[PDB]
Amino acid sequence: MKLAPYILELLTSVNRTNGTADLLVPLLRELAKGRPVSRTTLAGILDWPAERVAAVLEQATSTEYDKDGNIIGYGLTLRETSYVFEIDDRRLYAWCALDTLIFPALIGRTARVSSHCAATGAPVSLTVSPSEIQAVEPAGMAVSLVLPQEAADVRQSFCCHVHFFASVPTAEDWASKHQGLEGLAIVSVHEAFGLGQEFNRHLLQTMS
């Protein structure tokens, strides 16, 4: 499957609001330490005015905060989800399957990723490094993709439809019952990883 439409709409979703791409990688690296991240901490890391950080974050409507207004989730999160993203001894989480494949290159770490098949509840796991995936269990693991939508909550529009599956046939069965999803497509986790690599490549270009 040619994945250019997915890559294209994901980059567009990140390059839509100026600065977002430039705040993403530093914030992911900081969240990776496993503690909440203050806006003030972030502003210093980026060397931005606070108002610039705030404007970008306000545009990112799915961003997760704790009781202190600290950032605790943006793709990578401290708040439990179905996608477990373990770096070092530290259990973090991701908003969706494709997140888990993308972040390790962006944060320069190897993650032990685990979840369950969205069609059958079967456990799935794999090791994701900046350059490759290993220990893919089961070997035929698949991922669902949908097309990001322009004026749409990213987590509700994209992330919550982007799952792991035990296999491509299992995933395709599931897919046939959900054709109402825009640009719904099933790919192998290898193809999804490749998609993530093209996204990351392009992202690092658009940064300043």
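In case it trips you up, residue 1 is the first one in the sequence shown, and so on. Just so we're on the same page, rigid core means the largest C-alpha set that superposes within 1.5 Å between forms.
Stretch with larger C-alpha RMS deviation in 4 other deposited structures of this protein, core superposed, 46 to 54 versus 66 to 74: After superposing on the rigid core, the more displaced stretch in 4 other deposited structures of this protein is 46 to 54.
Mean C-alpha B-factor comparison - 134 to 142 and 95 to 103, higher one: It is 134 to 142.
Higher-scoring stretch by recorded Cα B factor average, 199 to 207 or 4 to 12: Taking the mean B-factor of the alpha carbons in each, 199 to 207 is higher.
Maximum C-alpha temperature factor, selected from 154, 32, 162, 37: 154 has the highest C-alpha B-factor of those listed.
Residue 28 - which third its CA temperature factor falls in, relative to the rest of the chain: Residue 28: CA B-factor falls in the lowest third of its chain.
Entry-reported Cα temperature factor of residue 116, expressed as the chain third it lands in: Its C-alpha B-factor belongs to the lowest third of this chain's values.
Among modelled residues of the same chain, the CA temperature factor third for residue 21: It falls in the top third of the chain.
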